[PDB]
Novice: 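Sharing a structure, written as structure tokens. Questions coming.
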Amino acid sequence: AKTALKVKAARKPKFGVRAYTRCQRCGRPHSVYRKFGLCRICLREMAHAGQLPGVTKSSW
Amino acid sequence: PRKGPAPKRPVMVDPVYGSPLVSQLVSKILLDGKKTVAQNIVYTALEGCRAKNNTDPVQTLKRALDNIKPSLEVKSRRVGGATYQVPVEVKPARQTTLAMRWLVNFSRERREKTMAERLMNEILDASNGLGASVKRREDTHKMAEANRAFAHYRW
Amino acid sequence: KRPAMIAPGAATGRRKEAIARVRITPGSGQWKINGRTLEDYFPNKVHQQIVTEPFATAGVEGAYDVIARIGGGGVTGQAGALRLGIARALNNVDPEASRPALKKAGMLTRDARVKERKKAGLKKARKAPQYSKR
Amino acid sequence: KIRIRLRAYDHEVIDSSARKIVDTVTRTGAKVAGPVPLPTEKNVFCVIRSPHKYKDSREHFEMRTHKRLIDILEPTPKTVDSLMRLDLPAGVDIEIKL
Amino acid sequence: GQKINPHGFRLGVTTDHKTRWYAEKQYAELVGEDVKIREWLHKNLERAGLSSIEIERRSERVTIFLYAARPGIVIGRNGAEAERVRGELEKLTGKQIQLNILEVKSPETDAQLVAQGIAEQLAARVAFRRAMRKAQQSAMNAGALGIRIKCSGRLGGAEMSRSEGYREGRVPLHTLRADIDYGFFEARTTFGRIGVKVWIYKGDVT
RNA sequence: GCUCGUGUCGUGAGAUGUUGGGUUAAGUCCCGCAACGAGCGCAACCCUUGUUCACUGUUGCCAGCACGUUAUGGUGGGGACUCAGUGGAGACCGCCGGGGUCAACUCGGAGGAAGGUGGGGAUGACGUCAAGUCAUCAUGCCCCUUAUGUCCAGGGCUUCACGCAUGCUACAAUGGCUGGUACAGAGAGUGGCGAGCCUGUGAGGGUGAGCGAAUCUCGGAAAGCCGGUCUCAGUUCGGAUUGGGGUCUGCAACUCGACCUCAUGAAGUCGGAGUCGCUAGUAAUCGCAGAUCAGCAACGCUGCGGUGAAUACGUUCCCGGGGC
Ligand SMILES: [Mg+2]
Ligand SMILES: [Mg+2]
Ligand SMILES: [Mg+2]
Ligand SMILES: [Mg+2]
Ligand SMILES: [Mg+2]
Ligand SMILES: [Mg+2]
Ligand SMILES: [Mg+2]
Ligand SMILES: [Mg+2]
Ligand SMILES: [Zn+2]
């Protein structure tokens, strides 16, 4: 994402309702999980690389 | 399929009347996966049957099924540049299935209000020898007789 | 050939995500499933046969009481689990006079048929979205 | 009396930690209820595999939290000091309810 | 294009997670600091050669295992560089960092360092075929049961992109009990960057 | 399926292996063979489900024992049952018989929870399509630099003569309405899940325990069964649209939110040519939960269980693919 957008999201919003999430590794604004920050792609790649404890592929 | 004849699931018997025929009838009605609704309909129809005639409802259902059972039916054939209607004899299981399907469909098509004794009326009419199901059986047999000249294409 | 044995016993039954704790005991043949009677808990004859018929195919008949604790599943699954539980109870009570017929009737067997899981890209376990070429 | 809740992501380290706790308290007398396993928390995440325009192919992940419970029936303040001072693997946490 | 990451595929089965901590109300922020730590270490310690960064946490205390081929760069002179990197780590995170640096017994057998070296040679403009053959030969001299290297990109500074690969021995990617070490690096050239992937079949594990 | 090393054949590209006979879901094996070998794929190792044993017994369970306000495993207590979750056992054509030159395989049977791969998932070979993504990220080169940077308010991404596509609700009586009454699973929760009581027709509001949760809450499962009623009516079907009065979230619901209530009651009578999904706990249907999320246009998506079919003679034809 754009650096200005990332810093604006990081800073406290004017009105509480105006805040949003952003991928904390990636800056992506779509599909950001509250449990661990990050995003769709960041989750997939980091879970594959094994930096997320407890997270493994599910094949039930 | 290519591999071979797939196994057939065994047919259970009706707890009340003790005949696999009624179980097949309810499984053929059996719309939307509502077994209880379907067999409530079927039991109501059979009880209406035994009400209007003293004979056994399972026996009258059997007689209707024999009156609707087709003996031979024609299928499309792609020989040459024109399609043929080759008559083929019908096995007992296939003809019971056809009779049940026709009974249920024409019961659904009947003009009366409720499905239960639409099916009851259709069953009684078929057992007597009348109705849309018997008419369709006669029409299919008639068309098989008309196209009887292609009985030598059977394989 | 012998008319089996009456004898108390107990077993467990499972079918389609439903658990059936069955305790069969000598008695008149009445039923009590989760406190309520058979005609209350299985209100209709749709699937009372499936639970009664273990006795019918065994030597004993409706002169032998049973107590059932039933959990999970729907009505039909609970019926199947209870049937398997009664069959297993009769099995482990008389494994010689009722075992052959009881197993031949396909009743000392638990069907593993369970709801298949949904799959990504499909509307249901196997139903697929409507393919639309061009 | 005296609850010990163990939570981790690997049941091997959960079991090893529970065995270490029970063998420690026992080495300090204190008879203690066996490690009882609680249901495992099962979180599921579905993720579009591709970075763009490919939604029908997805990847599923789980974060399984394994939990075990220990009861220290015997008060045994010596075991209290032991259970507060011993060292456990980093992956598993400990919760002591006095 | 359609192959799974071997490490993610075997995660939990044969290989283990690089991070070992438990937290259920801070999970995201600990993940963020871990990302910061890993990015900082990778960006500032290319010269040492990083096999893996392993993070542990006990209570507001972080422990970093740095698996490096040549920890001489990390330790500097009498631990001066180690102290400075630790201090930068407290500056970055705000927590007590205990940093320890470990060797790799067979850098020619660890895939990540192999990709490191191949990408370094490609950046230094060595013929890619010669580099891949050297890495393969060194791996089998060490005693790996199977090597597979693939360099994709504008190989040799060309215009079209190629996907040139080498392999011999056995690399059963589909076998879960197979211990397969996977490494990847990017050679930063005057012509974009080359992706170098390395699979090394260490052996079979239970 | 795709290949390799060596050998061999050919001037050579190349071939042989990898053809042939049999078999298999499978380049799966067997037989013969200028081939002898190996590798990536197949299979297995992994997850889940079906049987069972040991271990443990709370927040789970209650067979035998003692009370409980009447009452609630509420209680002491119990390892029996269920379950929870760790570690084992179990299936291998292993046994029996036939076929199969034998041999792989194949048929039948017994035992068994399960029999010939038991069901499902993960796993996608060499490569193809200059397939998609410079907008997740990263980056070669080019371009912008008092603007193509960057901040803000308002607007737009929600337009509407139309066309296509994926769905939802329907067209009713296997149904609508109404009262009563059964049976789930998988999940989520501290700016959260919120019980109970009071208030309102209701959305909700006011108070407000409990629970970081096998404990407390979401919670009601719905279909179904049972009683009543409607009686084939463009309807007591359908619920679009439109008028009024509201609630909640939010700095703020005009453009452009969901919901409640009152009124309104559109098309729709089962859909042309054509076309789609599915071989069993499947299709069909019935509800439930989660992600994102202040709220929500979600009927979407990913899961979960409930009820639960019909049919497969067969390969001639249509589509895709495999060996020679
Ligand atoms: Mg927002
Ligand atoms: Mg499409
Ligand atoms: Mg496989
Ligand atoms: Mg293109
Ligand atoms: Mg750019
Ligand atoms: Mg739009
Ligand atoms: Mg929680
Ligand atoms: Mg199929
Ligand atoms: Zn991201």
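Labels below follow one simple rule: chain letters A, B, ... track the order of the sequence lines, proteins then strands, and each chain is numbered from 1.
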Novice: List for me each residue that meets side chain to side chain contact (heavy atoms under 4.5 Å, CB included) alongside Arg167(E), sequence neighbours excluded, and say none if there are none.
Specialist: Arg148(E)
Novice: Check ring-ring contact (aromatic ring centres under 6.0 Å, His included) between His47(C) and all other residues, then give those that pass, not counting sequence neighbours.
Specialist: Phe42(C)
Novice: Considering residues at least two apart in sequence or located in another chain, which fulfil the ring-ring contact (aromatic ring centres under 6.0 Å, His included) criterion with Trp102(B)?
Specialist: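 With sequence neighbours excluded, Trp102(B) shows a ring-ring contact (aromatic ring centres under 6.0 Å, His included) to no residue whatsoever.
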Novice: Could you pull out all residues at least two apart from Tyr84(B) that satisfy ring-ring contact (aromatic ring centres under 6.0 Å, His included)?
Specialist: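 Result, ring-ring contact (aromatic ring centres under 6.0 Å, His included) vs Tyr84(B): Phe150(B), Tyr153(B).
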Novice: Can you check nucleotides 25-28 of chain F for protein contacts, nitrogen or oxygen pairs under 3.5 Å, and list what you find?
Specialist:
none

Novice: What integer number of Å spans the P atoms of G87(F) and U249(F)?
Specialist: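 Per the computed distance, 50 Å lies between those P atoms.
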Novice: For residues 27-48 of chain A, pull every pair meeting side chain to side chain donor-acceptor pair (under 3.5 Å), keeping only residues two or more places apart or in separate chains.
Specialist: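 Pairs touching residues 27-48 of chain A that pass the test: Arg25(A)-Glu45(A), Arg44(A)-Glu59(D), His48(A)-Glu59(D).
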Novice: Which atoms of nucleotides 183-187 of chain F (N or O only) lie under 3.5 Å from a protein N or O atom, and what are those distances?
Specialist:
| from | atom 1 | to | atom 2 | distance (Å) |
| --- | --- | --- | --- | --- |
| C183(F) | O3' | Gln78(C) | NE2 | 2.9 |
| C183(F) | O2' | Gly73(C) | O | 2.3 |
| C183(F) | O2' | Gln78(C) | NE2 | 2.9 |
| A184(F) | OP1 | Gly72(C) | N | 2.6 |
| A184(F) | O2' | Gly73(C) | N | 3.2 |
| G185(F) | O3' | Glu17(C) | OE2 | 3.1 |

Novice: With sequence neighbours excluded, what pairs up with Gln26(E) under the side chain to side chain contact (heavy atoms under 4.5 Å, CB included) test?
Specialist: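 With neighbours one apart ignored, the set is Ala23(E), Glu24(E), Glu29(E), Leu30(E).
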Novice: Quick one: which residue pairs count as a side chain to side chain donor-acceptor pair (under 3.5 Å) with a foot in residues 106-121 of chain C, not counting sequence neighbours?
Specialist: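 Found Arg15(C)-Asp111(C), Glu116(C)-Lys119(C), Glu116(C)-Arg126(C).
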Novice: Please tabulate, for the side chains in residues 127-134 of chain C, all donor-acceptor contacts under 3.5 angstrom to protein atoms that are two or more places apart in sequence or on a different chain.
Specialist:
| from | atom 1 | to | atom 2 | distance (Å) |
| --- | --- | --- | --- | --- |
| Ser132(C) | OG | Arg134(C) | O | 3.4 |

Novice: I'd like a list of close polar pairs between nucleotides 171-174 of chain F and the protein, N/O only, cut-off under 3.5 Å.
Specialist:
| from | atom 1 | to | atom 2 | distance (Å) |
| --- | --- | --- | --- | --- |
| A173(F) | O2' | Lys113(B) | O | 3.1 |
| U174(F) | OP1 | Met115(B) | N | 3.1 |
| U174(F) | OP1 | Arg118(B) | NH2 | 2.9 |
| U174(F) | OP2 | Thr114(B) | OG1 | 2.9 |
| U174(F) | OP2 | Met115(B) | N | 3.3 |
| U174(F) | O4 | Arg108(B) | NE | 2.7 |
| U174(F) | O4 | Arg108(B) | NH2 | 3.0 |

Novice: Listed by chain and number, what are the side chain to side chain contact (heavy atoms under 4.5 Å, CB included) partners of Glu109(B), not counting sequence neighbours?
Specialist: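 Per chain and number, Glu109(B) pairs via side chain to side chain contact (heavy atoms under 4.5 Å, CB included) with no residue.
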Novice: Between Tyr22(E) and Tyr9(D), how do the two ring planes meet: parallel, tilted or perpendicular, split at 30° and 60°?
Specialist: tilted
